[PDB]
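Novice: Quick one: the structure is below, and I'll ask about it shortly.
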Ligand SMILES: [Ca+2]
Ligand SMILES: [Ca+2]
Ligand SMILES: [Zn+2]
Ligand SMILES: [Zn+2]
C-alpha cells in the first residue's frame, strides 16, 4: 500500500500527522483501531458516539469487512471528509472536524 500514490492530495507532513494520530489510538499496537479504541478516541476528542454509531463509522470505510480500521482505511476517513463525500450526519465528519486536522 502506497499512501503517496493512493492519497496524493495529502501533504507528506499531513500524512505523518495522520500516522501519529493512528499510532496514538492503536493502544494494543496491533496495527488496527478496533471498536473500543475508536470509542475511546471519540471520547478523548470530545465527540463521543453511540455503540451502533461507532460501528456505522467503521463500516463506512471498512473495505475488508472485518470491523476494525487498518491505517489505509483510517486515511480514507480524511480523504472522504476532505472530498466532501461523508454524509452530513456521519460520526466520521465529527472525527475529522474534532481531530486537530484539516
Ligand atoms: Ca488496535
Ligand atoms: Ca477493516
Ligand atoms: Zn482488515
Ligand atoms: Zn473519494
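A short reminder: the numbers here are calculations on the coordinates, not readings from a lab.
Novice: Wrap a convex hull around the Cα atoms of the chain, take a quarter of its surface area, and give that in square nanometres.
Specialist: Computing the convex hull of the Cα atoms and averaging its projections yields 6.0 nm².
Novice: Between rounded, prolate and oblate, where does the stretch 1-57 land on the alpha carbon gyration tensor, with a ≥ b ≥ c its root eigenvalues, rounded for a/c under 1.5, else prolate if a/b exceeds b/c?
Specialist: prolate
Novice: Calculate the length of the line joining the C-alpha centroid of the stretch 63-99 to that of the stretch 28-57, in whole Å.
Specialist: Cα centroid to Cα centroid, the span is 12 Å.
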